[PDB]
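A.B. asks: Below is the file query19.tsv, with TSV, C-alpha atoms.
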chain	number	residue	atom	x	y	z
A	4	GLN	CA	-45.34	-64.93	-42.63
A	5	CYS	CA	-43.57	-63.60	-39.48
A	6	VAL	CA	-46.01	-64.37	-36.69
A	7	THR	CA	-46.19	-63.05	-33.12
A	8	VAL	CA	-48.40	-64.45	-30.35
A	9	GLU	CA	-48.89	-63.76	-26.69
A	10	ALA	CA	-50.15	-66.50	-24.38
A	11	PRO	CA	-51.26	-66.41	-20.71
A	12	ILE	CA	-50.52	-68.85	-17.88
A	13	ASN	CA	-53.25	-71.02	-16.42
A	14	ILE	CA	-53.87	-72.54	-13.01
A	15	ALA	CA	-55.03	-76.13	-12.63
A	16	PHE	CA	-57.60	-76.69	-9.87
A	17	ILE	CA	-57.84	-80.39	-10.82
A	18	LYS	CA	-54.23	-81.35	-11.03
A	19	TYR	CA	-52.01	-82.78	-13.74
A	20	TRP	CA	-49.47	-84.99	-11.95
A	21	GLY	CA	-48.28	-88.03	-13.86
A	22	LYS	CA	-47.80	-89.31	-17.39
A	23	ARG	CA	-49.31	-92.69	-18.25
A	24	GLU	CA	-47.56	-95.67	-19.85
A	25	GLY	CA	-46.55	-94.72	-23.39
A	26	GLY	CA	-46.92	-91.02	-22.52
A	27	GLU	CA	-43.51	-89.66	-21.58
A	28	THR	CA	-42.59	-88.41	-25.06
A	29	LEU	CA	-46.08	-87.68	-26.35
A	30	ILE	CA	-47.05	-86.06	-22.97
A	31	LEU	CA	-50.13	-88.21	-22.26
A	32	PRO	CA	-51.39	-87.83	-18.71
A	33	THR	CA	-52.73	-90.40	-16.21
A	34	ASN	CA	-55.87	-88.30	-15.61
A	35	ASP	CA	-57.76	-85.28	-16.85
A	36	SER	CA	-56.94	-81.85	-15.49
A	37	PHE	CA	-58.99	-78.69	-15.32
A	38	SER	CA	-57.71	-75.11	-15.18
A	39	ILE	CA	-58.64	-71.47	-15.28
A	40	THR	CA	-56.90	-69.42	-17.88
A	41	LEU	CA	-55.50	-66.15	-16.48
A	42	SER	CA	-55.27	-62.73	-18.14
A	43	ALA	CA	-52.26	-62.02	-20.34
A	44	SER	CA	-51.94	-58.65	-18.60
A	45	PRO	CA	-49.79	-57.57	-17.01
A	46	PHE	CA	-47.68	-60.75	-17.43
A	47	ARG	CA	-47.52	-63.07	-20.45
A	48	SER	CA	-45.19	-64.98	-22.77
A	49	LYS	CA	-44.56	-63.74	-26.25
A	50	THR	CA	-43.12	-65.61	-29.27
A	51	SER	CA	-42.25	-64.42	-32.74
A	52	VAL	CA	-41.43	-66.84	-35.51
A	53	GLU	CA	-40.03	-66.24	-39.01
A	54	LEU	CA	-39.86	-68.85	-41.79
A	55	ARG	CA	-36.50	-68.78	-43.57
A	56	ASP	CA	-34.81	-70.11	-46.72
A	57	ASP	CA	-31.44	-68.41	-46.28
A	58	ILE	CA	-30.56	-70.36	-43.12
A	59	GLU	CA	-29.45	-73.97	-42.70
A	60	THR	CA	-30.94	-74.89	-39.30
A	61	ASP	CA	-33.81	-73.81	-37.08
A	62	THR	CA	-32.95	-71.33	-34.35
A	63	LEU	CA	-34.39	-70.62	-30.96
A	64	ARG	CA	-33.75	-67.55	-28.82
A	65	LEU	CA	-35.03	-67.63	-25.26
A	66	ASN	CA	-34.88	-64.47	-23.15
A	67	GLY	CA	-32.40	-62.91	-25.58
A	68	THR	CA	-30.06	-65.94	-25.52
A	69	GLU	CA	-29.66	-68.25	-28.49
A	70	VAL	CA	-30.15	-71.86	-27.47
A	71	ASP	CA	-29.19	-75.12	-29.32
A	72	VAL	CA	-32.43	-76.62	-30.78
A	73	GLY	CA	-30.61	-79.98	-31.01
A	74	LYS	CA	-30.34	-79.79	-27.18
A	75	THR	CA	-33.99	-78.80	-26.59
A	76	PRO	CA	-36.01	-82.04	-27.22
A	77	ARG	CA	-39.45	-80.60	-26.34
A	78	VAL	CA	-39.06	-77.96	-29.09
A	79	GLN	CA	-37.61	-80.56	-31.56
A	80	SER	CA	-40.70	-82.68	-30.78
A	81	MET	CA	-43.04	-79.80	-31.63
A	82	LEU	CA	-41.16	-79.07	-34.83
A	83	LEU	CA	-41.29	-82.68	-36.02
A	84	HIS	CA	-45.03	-82.88	-35.50
A	85	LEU	CA	-45.47	-79.44	-37.02
A	86	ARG	CA	-43.61	-80.35	-40.19
A	87	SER	CA	-45.51	-83.60	-40.66
A	88	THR	CA	-48.79	-81.69	-40.64
A	89	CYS	CA	-48.05	-78.79	-42.95
A	90	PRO	CA	-47.91	-78.03	-46.72
A	91	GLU	CA	-45.12	-79.70	-48.76
A	92	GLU	CA	-44.05	-76.15	-49.74
A	93	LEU	CA	-43.41	-75.22	-46.11
A	94	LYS	CA	-42.21	-78.65	-44.80
A	95	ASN	CA	-38.64	-77.82	-45.74
A	96	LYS	CA	-38.35	-74.24	-44.50
A	97	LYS	CA	-36.35	-73.58	-41.37
A	98	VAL	CA	-37.64	-71.24	-38.73
A	99	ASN	CA	-36.20	-68.59	-36.40
A	100	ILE	CA	-38.08	-68.65	-33.08
A	101	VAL	CA	-37.64	-65.85	-30.57
A	102	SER	CA	-39.39	-66.20	-27.25
A	103	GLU	CA	-39.60	-64.10	-24.10
A	104	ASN	CA	-41.79	-63.32	-21.11
A	105	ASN	CA	-42.16	-60.46	-18.63
A	106	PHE	CA	-42.94	-62.41	-15.47
A	107	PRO	CA	-40.95	-61.09	-12.53
A	108	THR	CA	-37.75	-63.10	-12.25
A	109	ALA	CA	-37.55	-65.46	-9.25
A	110	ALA	CA	-41.34	-65.46	-8.77
A	111	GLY	CA	-41.59	-69.08	-10.03
A	112	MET	CA	-44.64	-68.44	-12.24
A	113	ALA	CA	-45.53	-71.31	-14.60
A	114	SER	CA	-44.22	-69.41	-17.57
A	115	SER	CA	-43.25	-72.59	-19.45
A	116	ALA	CA	-46.97	-73.28	-19.94
A	117	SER	CA	-47.50	-69.88	-21.50
A	118	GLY	CA	-44.23	-70.02	-23.47
A	119	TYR	CA	-44.90	-73.33	-25.19
A	120	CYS	CA	-48.49	-72.32	-25.89
A	121	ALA	CA	-47.40	-69.03	-27.50
A	122	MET	CA	-44.74	-70.87	-29.53
A	123	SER	CA	-47.23	-73.58	-30.62
A	124	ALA	CA	-49.72	-70.98	-31.87
A	125	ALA	CA	-47.05	-68.88	-33.68
A	126	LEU	CA	-45.56	-71.94	-35.36
A	127	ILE	CA	-48.91	-73.36	-36.47
A	128	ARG	CA	-49.86	-70.02	-38.08
A	129	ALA	CA	-46.47	-69.58	-39.78
A	130	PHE	CA	-46.33	-73.09	-41.21
A	131	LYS	CA	-50.05	-73.35	-41.94
A	132	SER	CA	-50.11	-76.63	-40.06
A	133	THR	CA	-53.33	-78.53	-39.64
A	134	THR	CA	-52.52	-79.43	-36.05
A	135	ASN	CA	-54.30	-77.55	-33.28
A	136	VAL	CA	-52.61	-75.20	-30.87
A	137	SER	CA	-53.47	-77.33	-27.85
A	138	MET	CA	-52.00	-80.63	-29.16
A	139	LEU	CA	-48.77	-79.08	-30.37
A	140	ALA	CA	-48.38	-77.11	-27.12
A	141	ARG	CA	-48.86	-80.43	-25.21
A	142	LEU	CA	-45.69	-81.77	-26.82
A	143	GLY	CA	-43.73	-78.90	-25.32
A	144	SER	CA	-45.37	-78.97	-21.88
A	145	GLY	CA	-48.49	-80.71	-20.70
A	146	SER	CA	-49.96	-77.71	-18.91
A	147	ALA	CA	-49.29	-75.53	-22.04
A	148	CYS	CA	-52.06	-77.35	-23.78
A	149	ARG	CA	-54.65	-75.71	-21.49
A	150	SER	CA	-53.58	-72.13	-22.27
A	151	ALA	CA	-54.96	-72.53	-25.84
A	152	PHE	CA	-58.42	-71.35	-24.78
A	153	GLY	CA	-59.89	-68.71	-22.52
A	154	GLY	CA	-62.08	-69.56	-19.60
A	155	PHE	CA	-62.29	-72.92	-17.82
A	156	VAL	CA	-60.38	-75.58	-19.76
A	157	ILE	CA	-60.26	-79.37	-19.50
A	158	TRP	CA	-57.24	-81.32	-20.63
A	159	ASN	CA	-58.87	-84.54	-21.80
A	160	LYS	CA	-56.47	-87.46	-21.17
A	161	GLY	CA	-57.62	-89.43	-24.20
A	162	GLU	CA	-57.29	-93.14	-24.70
A	163	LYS	CA	-55.35	-93.37	-27.99
A	164	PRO	CA	-51.69	-94.33	-27.74
A	165	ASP	CA	-50.81	-91.92	-30.55
A	166	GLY	CA	-52.15	-88.95	-28.55
A	167	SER	CA	-54.73	-87.97	-31.24
A	168	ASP	CA	-57.46	-87.52	-28.61
A	169	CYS	CA	-55.23	-86.09	-25.86
A	170	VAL	CA	-56.26	-82.46	-26.06
A	171	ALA	CA	-57.70	-79.52	-24.17
A	172	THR	CA	-61.23	-78.30	-24.72
A	173	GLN	CA	-62.94	-75.16	-23.46
A	174	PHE	CA	-65.51	-76.06	-20.86
A	175	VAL	CA	-66.92	-72.57	-20.53
A	176	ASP	CA	-65.54	-69.32	-21.75
A	177	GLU	CA	-64.50	-66.22	-19.87
A	178	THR	CA	-67.98	-64.76	-20.06
A	179	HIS	CA	-69.63	-67.59	-18.11
A	180	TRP	CA	-68.65	-66.59	-14.55
A	181	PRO	CA	-67.26	-63.06	-14.59
A	182	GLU	CA	-67.49	-62.80	-10.79
A	183	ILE	CA	-64.75	-65.37	-10.17
A	184	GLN	CA	-61.30	-63.88	-9.71
A	185	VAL	CA	-57.84	-65.38	-9.40
A	186	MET	CA	-54.92	-64.15	-7.33
A	187	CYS	CA	-51.40	-65.38	-6.85
A	188	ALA	CA	-49.61	-64.60	-3.57
A	189	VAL	CA	-46.01	-65.12	-4.58
A	190	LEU	CA	-43.86	-66.66	-1.86
A	191	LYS	CA	-40.15	-67.47	-1.61
A	192	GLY	CA	-39.48	-70.97	-2.85
A	193	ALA	CA	-38.46	-73.96	-0.85
A	194	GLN	CA	-35.06	-75.53	-1.07
A	195	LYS	CA	-34.66	-76.67	-4.68
A	196	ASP	CA	-36.21	-80.07	-5.30
A	197	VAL	CA	-36.75	-82.31	-8.38
A	198	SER	CA	-38.40	-80.85	-11.48
A	199	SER	CA	-42.15	-81.33	-11.92
A	200	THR	CA	-41.46	-83.53	-14.96
A	201	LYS	CA	-39.20	-85.89	-13.02
A	202	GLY	CA	-41.10	-85.64	-9.71
A	203	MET	CA	-44.47	-86.55	-11.15
A	204	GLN	CA	-43.14	-89.83	-12.50
A	205	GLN	CA	-41.42	-90.51	-9.15
A	206	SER	CA	-44.84	-90.01	-7.50
A	207	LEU	CA	-46.46	-92.33	-9.97
A	208	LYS	CA	-43.80	-94.96	-9.21
A	209	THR	CA	-43.75	-94.62	-5.41
A	210	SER	CA	-46.65	-92.72	-3.83
A	211	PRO	CA	-49.22	-95.10	-2.43
A	212	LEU	CA	-51.90	-92.47	-3.11
A	213	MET	CA	-51.75	-92.34	-6.92
A	214	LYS	CA	-53.75	-95.48	-7.76
A	215	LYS	CA	-56.98	-94.38	-6.09
A	216	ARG	CA	-56.43	-90.80	-7.35
A	217	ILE	CA	-56.33	-91.89	-10.99
A	218	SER	CA	-58.98	-94.52	-10.78
A	219	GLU	CA	-61.59	-92.92	-8.52
A	220	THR	CA	-60.84	-89.42	-7.27
A	221	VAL	CA	-60.10	-87.37	-10.39
A	222	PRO	CA	-63.08	-88.79	-12.26
A	223	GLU	CA	-65.32	-87.94	-9.23
A	224	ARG	CA	-63.93	-84.39	-8.94
A	225	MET	CA	-64.11	-83.67	-12.70
A	226	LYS	CA	-67.86	-84.37	-12.50
A	227	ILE	CA	-68.38	-82.29	-9.33
A	228	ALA	CA	-66.29	-79.34	-10.63
A	229	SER	CA	-68.05	-79.36	-14.01
A	230	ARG	CA	-71.48	-79.20	-12.32
A	231	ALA	CA	-70.27	-76.50	-9.90
A	232	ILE	CA	-68.80	-74.33	-12.71
A	233	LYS	CA	-71.96	-74.67	-14.79
A	234	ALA	CA	-74.02	-73.69	-11.73
A	235	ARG	CA	-71.57	-70.98	-10.57
A	236	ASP	CA	-71.47	-72.68	-7.17
A	237	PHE	CA	-68.38	-71.08	-5.69
A	238	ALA	CA	-68.33	-73.00	-2.42
A	239	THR	CA	-68.32	-76.43	-4.15
A	240	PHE	CA	-65.75	-75.22	-6.64
A	241	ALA	CA	-63.59	-73.83	-3.83
A	242	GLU	CA	-63.83	-77.04	-1.85
A	243	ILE	CA	-62.68	-79.17	-4.84
A	244	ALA	CA	-59.78	-76.81	-5.48
A	245	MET	CA	-58.54	-77.06	-1.85
A	246	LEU	CA	-59.01	-80.86	-1.77
A	247	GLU	CA	-56.98	-81.18	-4.94
A	248	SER	CA	-54.25	-78.91	-3.66
A	249	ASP	CA	-54.07	-80.79	-0.38
A	250	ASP	CA	-53.90	-84.11	-2.26
A	251	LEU	CA	-51.00	-83.06	-4.51
A	252	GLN	CA	-49.04	-81.93	-1.46
A	253	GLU	CA	-49.80	-85.30	0.22
A	254	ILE	CA	-48.79	-87.15	-2.93
A	255	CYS	CA	-45.49	-85.30	-2.94
A	256	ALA	CA	-44.98	-85.98	0.79
A	257	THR	CA	-45.55	-89.75	0.27
A	258	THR	CA	-43.29	-89.95	-2.79
A	259	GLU	CA	-39.93	-91.70	-2.29
A	260	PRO	CA	-37.66	-89.73	-2.00
A	261	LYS	CA	-40.03	-87.14	-0.52
A	262	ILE	CA	-40.81	-84.12	-2.68
A	263	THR	CA	-41.38	-80.76	-0.97
A	264	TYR	CA	-42.35	-77.65	-2.83
A	265	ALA	CA	-44.29	-75.94	0.00
A	266	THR	CA	-42.66	-73.76	2.65
A	267	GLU	CA	-44.02	-72.82	6.04
A	268	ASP	CA	-45.32	-69.61	4.41
A	269	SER	CA	-47.34	-71.87	2.08
A	270	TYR	CA	-48.71	-73.78	5.06
A	271	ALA	CA	-49.48	-70.60	6.94
A	272	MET	CA	-51.49	-69.42	3.88
A	273	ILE	CA	-53.46	-72.64	4.00
A	274	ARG	CA	-54.17	-72.12	7.71
A	275	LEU	CA	-55.13	-68.47	7.08
A	276	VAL	CA	-57.59	-69.21	4.31
A	277	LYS	CA	-59.16	-71.93	6.46
A	278	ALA	CA	-59.37	-69.64	9.50
A	279	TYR	CA	-60.91	-66.87	7.40
A	280	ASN	CA	-63.57	-69.12	5.93
A	281	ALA	CA	-64.25	-70.44	9.46
A	282	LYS	CA	-64.76	-66.86	10.76
A	283	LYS	CA	-66.89	-65.94	7.79
A	284	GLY	CA	-69.02	-69.02	8.24
A	285	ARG	CA	-68.67	-69.96	4.61
A	286	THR	CA	-66.12	-70.89	1.98
A	287	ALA	CA	-65.38	-67.38	0.71
A	288	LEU	CA	-61.77	-67.99	-0.36
A	289	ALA	CA	-59.93	-70.94	-1.91
A	290	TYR	CA	-56.21	-71.74	-2.18
A	291	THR	CA	-54.33	-73.91	-4.60
A	292	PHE	CA	-50.64	-74.70	-4.91
A	293	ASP	CA	-49.12	-76.16	-8.10
A	294	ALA	CA	-45.66	-77.75	-7.50
A	295	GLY	CA	-44.29	-74.62	-5.91
A	296	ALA	CA	-44.65	-72.43	-2.86
A	297	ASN	CA	-46.87	-69.73	-4.43
A	298	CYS	CA	-50.44	-69.64	-3.28
A	299	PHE	CA	-53.07	-69.19	-5.96
A	300	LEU	CA	-56.38	-67.98	-4.59
A	301	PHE	CA	-59.86	-68.01	-6.00
A	302	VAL	CA	-62.46	-65.58	-4.73
A	303	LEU	CA	-65.58	-63.84	-6.06
A	304	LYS	CA	-65.16	-60.16	-6.97
A	305	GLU	CA	-67.54	-58.96	-4.20
A	306	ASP	CA	-65.43	-60.79	-1.61
A	307	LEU	CA	-62.00	-59.90	-2.94
A	308	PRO	CA	-61.34	-56.55	-1.17
A	309	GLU	CA	-62.01	-57.99	2.28
A	310	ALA	CA	-60.01	-61.09	1.46
A	311	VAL	CA	-57.01	-59.04	0.34
A	312	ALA	CA	-57.34	-56.73	3.40
A	313	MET	CA	-57.34	-59.85	5.60
A	314	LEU	CA	-54.19	-61.14	3.86
A	315	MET	CA	-52.36	-57.79	4.45
A	316	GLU	CA	-52.92	-58.02	8.16
A	317	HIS	CA	-50.88	-61.23	8.18
A	318	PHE	CA	-48.59	-60.73	5.19
A	319	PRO	CA	-48.23	-56.93	4.95
A	320	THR	CA	-47.23	-56.20	1.42
A	321	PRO	CA	-46.62	-52.76	-0.12
A	322	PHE	CA	-48.99	-51.73	-2.98
A	323	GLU	CA	-45.99	-51.31	-5.21
A	324	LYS	CA	-45.85	-55.16	-5.21
A	325	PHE	CA	-49.53	-55.54	-6.21
A	326	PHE	CA	-50.07	-56.32	-9.88
A	327	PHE	CA	-53.82	-56.06	-10.46
A	328	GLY	CA	-55.39	-56.44	-13.92
A	329	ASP	CA	-58.44	-54.63	-12.45
A	330	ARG	CA	-57.54	-51.07	-11.26
A	331	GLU	CA	-60.95	-50.31	-9.86
A	332	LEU	CA	-60.81	-53.44	-7.77
A	333	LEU	CA	-57.42	-52.39	-6.41
A	334	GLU	CA	-58.85	-49.04	-5.42
A	335	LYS	CA	-61.58	-50.89	-3.52
A	336	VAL	CA	-58.95	-52.88	-1.56
A	337	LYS	CA	-57.42	-49.59	-0.44
A	338	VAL	CA	-60.57	-48.33	1.27
A	339	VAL	CA	-61.54	-51.52	3.15
A	340	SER	CA	-61.92	-51.12	6.87
A	341	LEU	CA	-61.12	-54.68	7.97
A	342	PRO	CA	-63.18	-55.95	10.88
A	343	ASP	CA	-61.19	-56.85	13.95
A	344	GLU	CA	-62.47	-60.46	13.75
A	345	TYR	CA	-60.24	-61.04	10.69
A	346	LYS	CA	-57.04	-59.88	12.32
A	347	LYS	CA	-54.81	-62.39	14.08
A	348	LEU	CA	-56.45	-65.43	12.50
A	349	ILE	CA	-53.19	-67.41	12.61
A	350	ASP	CA	-49.90	-67.30	14.43
A	351	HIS	CA	-47.13	-66.74	11.86
A	352	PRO	CA	-44.35	-64.18	11.41
A	353	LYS	CA	-45.44	-61.12	9.41
A	354	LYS	CA	-43.67	-60.69	6.09
A	355	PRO	CA	-44.62	-59.36	2.68
A	356	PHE	CA	-45.52	-61.50	-0.30
A	357	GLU	CA	-42.97	-61.20	-3.06
A	358	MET	CA	-45.92	-59.88	-5.06
A	359	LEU	CA	-49.67	-60.21	-5.30
A	360	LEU	CA	-51.15	-60.78	-8.76
A	361	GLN	CA	-54.84	-60.37	-9.56
A	362	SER	CA	-56.54	-61.57	-12.72
A	363	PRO	CA	-60.06	-62.14	-14.02
A	364	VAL	CA	-60.71	-65.32	-16.04
A	365	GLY	CA	-58.68	-64.73	-19.22
A	366	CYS	CA	-59.52	-64.89	-22.96
A	367	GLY	CA	-56.54	-67.01	-24.11
A	368	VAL	CA	-54.01	-66.51	-26.92
A	369	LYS	CA	-53.67	-63.28	-28.92
A	370	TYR	CA	-52.04	-62.85	-32.37
A	371	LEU	CA	-50.17	-59.58	-32.62
A	372	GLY	CA	-49.12	-57.30	-35.41
A	373	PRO	CA	-45.78	-56.95	-37.18
A	374	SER	CA	-45.12	-53.91	-34.94
A	375	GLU	CA	-44.88	-56.05	-31.81
A	376	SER	CA	-42.55	-58.64	-33.26
A	377	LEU	CA	-39.43	-59.71	-31.39
A	378	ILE	CA	-37.87	-60.23	-34.80
A	379	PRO	CA	-36.77	-56.96	-36.46
A	380	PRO	CA	-37.03	-56.35	-40.22
Please express the file's structure as structure tokens.

C.D. replies:
Amino acid sequence: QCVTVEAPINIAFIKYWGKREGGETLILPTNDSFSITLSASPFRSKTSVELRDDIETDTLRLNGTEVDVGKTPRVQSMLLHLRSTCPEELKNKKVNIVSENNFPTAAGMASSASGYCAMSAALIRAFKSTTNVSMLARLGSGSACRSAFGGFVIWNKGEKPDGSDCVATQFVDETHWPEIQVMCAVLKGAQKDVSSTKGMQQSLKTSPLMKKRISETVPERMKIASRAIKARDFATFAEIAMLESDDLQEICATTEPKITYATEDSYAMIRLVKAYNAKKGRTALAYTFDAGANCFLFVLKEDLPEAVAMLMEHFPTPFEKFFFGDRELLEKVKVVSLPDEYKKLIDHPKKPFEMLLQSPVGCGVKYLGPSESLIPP
């Protein structure tokens, strides 16, 4: 019919960084990755699609602006695969695609992941394609493939050159570990640098650290993270996430030319989390960065109010810039009396985050009703 879908972003704790030989068009990675799917509230991508006979080409509208599909190869790629895996009666139809998102502008959220996932799911429903949401989304953006499921999601690298086993699978769902929470402390970006798509191949070509990462490290950490998530062992999970984040920044730093997405605010956040955990005597709080300056944080619900109070001492941010999925949890932040031990943990200029997002582990994609369509009757 006319189909409308909302999809959430996700955050990789075991990083995707590099496409393998034969993988630049099909989007086949050098290693597995592993992410947490976030809530689609308050922020999400939304796509509406309508199959048409009246029209002579496919159309795509992004953020209210019509775009040339012939100039958008990732979307052409999805559409080719889609039409080779759908009924002869629908093969020939053209489609109007209308996509938007409500992420704050300039915040640098990974809204392409959510956008391609929402478009994949809407297209597959509309065309009655036999392909799965994850594999079609992968064609649009690698990380989109992990937004297809709620919970903790593995993108399996596969071994088949045609990509038929390169797909995300749900490791555990959102009900497995309800205590774990995700935040994003949005920071101003660094000087513009190469795109993730281009940079990751430059790293693969030039960083001396990639060989051992692909061969030894990711396989090791996939096993350790899987065990930790099954056991709900936050400290081990947190440790893997920070090791992975550190490694991607080191990979970027040892790429030629050097790639820098982190700012000194990013680095101060790393120091702050470390100093907090040191003062606490345990790994209470984890950071991860993903090819940008924003600091994602993982923390258990019980620990979140203190953690957020500690952050505000160093990066005082008005509540108007908090976007919490969990209102009750926000109210708990407001009453924390932060111990003096957690003040002045680092030396860094005080400034607000651009915003502070909180999410539980999310449920994944949602199909919406004709009322919510971006395509009017």

A.B. asks: Counting all atoms listed in the file, what is within 7 Å of residue 96 of chain A, bar same-chain residues fewer than 4 positions away, as a ChimeraX atom specification?

C.D. replies: /A:54-56

A.B. asks: What's around segment 328-343 of chain A at 9 Å? Count only C-alpha atoms, leave out sequence neighbours fewer than 4 positions away in its own chain, and write the answer as a CSV table (one decimal) with C-alpha atoms, keeping the file's coordinate frame.

C.D. replies:
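For reference, selection_0.csv as written:
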chain,number,residue,atom,x,y,z
A,42,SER,CA,-55.3,-62.7,-18.1
A,44,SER,CA,-51.9,-58.6,-18.6
A,45,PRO,CA,-49.8,-57.6,-17.0
A,304,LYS,CA,-65.2,-60.2,-7.0
A,307,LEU,CA,-62.0,-59.9,-2.9
A,308,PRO,CA,-61.3,-56.6,-1.2
A,309,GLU,CA,-62.0,-58.0,2.3
A,310,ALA,CA,-60.0,-61.1,1.5
A,311,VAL,CA,-57.0,-59.0,0.3
A,312,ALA,CA,-57.3,-56.7,3.4
A,313,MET,CA,-57.3,-59.8,5.6
A,316,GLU,CA,-52.9,-58.0,8.2
A,347,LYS,CA,-54.8,-62.4,14.1
A,360,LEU,CA,-51.2,-60.8,-8.8
A,361,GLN,CA,-54.8,-60.4,-9.6
A,362,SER,CA,-56.5,-61.6,-12.7
A,363,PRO,CA,-60.1,-62.1,-14.0

A.B. asks: Need the shell around residue 373 of chain A: protein/DNA/RNA residues with any atom at most 9 Å away, counting all atoms listed in the file. Skip same-chain ones fewer than 3 positions apart. Format as a PyMOL selection string?

C.D. replies: chain A and resi 5-7+376+378

A.B. asks: Could you check how far atom CA of residue 364 of chain A sits from atom CA of residue 294 of chain A, in Å to one decimal?

C.D. replies: 21.3 Å

A.B. asks: Using all atoms listed in the file, find the one residue out of A:202, A:15, A:291, A:195 that sits nearest to residue 241 of chain A.

C.D. replies: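 Smallest separation from residue 241 of chain A among the options: A:291.
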
A.B. asks: Counting all atoms listed in the file, which of A:76, A:153, A:11, A:295 gets nearest to residue 115 of chain A?

C.D. replies: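 Using all atoms listed in the file, the shortest distance to residue 115 of chain A belongs to A:11.
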
A.B. asks: Kindly indicate which residue among A:315, A:14, A:246, A:272 lies nearest to residue 293 of chain A, using only C-alpha atoms for the distances.

C.D. replies: A:14

A.B. asks: Name the residues in contact with residue 97 of chain A at a cut-off of 12 Å, using only C-alpha atoms, excluding same-chain residues fewer than 4 positions from it; report them as an MDAnalysis selection string.

C.D. replies: chainID A and resid 52:63 72 82:83 85:86 92:93 126 129:130

A.B. asks: Leaving out residue 10 of chain A and any residue of its chain fewer than 6 positions from it, which residues lie within 8 Å of it when counting only C-alpha atoms, given as a PyMOL selection string?

C.D. replies: chain A and resi 43+47-49+117-118+120-121+150-151+367-369

A.B. asks: Can you work out which one of A:224, A:375, A:302, A:265 has the shortest atom-to-atom distance to residue 237 of chain A, counting all atoms listed in the file?

C.D. replies: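 Residue with the minimum atom-to-atom distance to residue 237 of chain A: A:302.
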
A.B. asks: Ranking A:181, A:161, A:260, A:145 by minimum distance to residue 210 of chain A and counting only C-alpha atoms, which one comes first?

C.D. replies: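 Smallest separation from residue 210 of chain A among the options: A:260.
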
A.B. asks: Please report the interatomic distance between atom CA of residue 194 of chain A and atom CA of residue 262 of chain A in Å with one decimal.

C.D. replies: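 Result for atom CA of residue 194 of chain A versus atom CA of residue 262 of chain A: 10.5 Å, one decimal.
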
A.B. asks: Go through A:257, A:374, A:263, A:80 one by one, measure the shortest atom-to-atom distance of each to residue 138 of chain A using all atoms listed in the file, and give the residue with the smallest value.

C.D. replies: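 Closest to residue 138 of chain A of all the choices is A:80.
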
A.B. asks: May I ask for the distance between atom CA of residue 258 of chain A and atom CA of residue 209 of chain A, given in Å to one decimal place?

C.D. replies: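 Separating atom CA of residue 258 of chain A from atom CA of residue 209 of chain A is a distance of 5.4 Å.
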
A.B. asks: Counting all atoms listed in the file, which residues of segment 254-368 of chain A fall within 10 Å of segment 98-110 of chain A, and what is the closest atom pair for each with its distance in Å at one decimal, ordered by chain and rising number, as CSV?

C.D. replies:
residue,atom,partner,partner_atom,distance
A:296,CA,A:110,CA,9.7
A:297,CA,A:110,CA,8.2
A:357,CA,A:110,CA,7.3
A:358,CA,A:110,CA,8.1

A.B. asks: Quick one: 5 Å padding each side, axis-aligned, all listed atoms of segment 113-130 of chain A - centre and edge lengths in Å to one decimal, as AutoDock Vina command-line options?

C.D. replies:
--center_x -46.6 --center_y -71.2 --center_z -27.9 --size_x 16.6 --size_y 14.7 --size_z 36.6

A.B. asks: May I have the residues at most 8 Å from (-37.9, -85.7, -23.3) in the file's coordinates, counting all atoms listed in the file, as a ChimeraX atom specification?

C.D. replies: /A:27-28,76-77
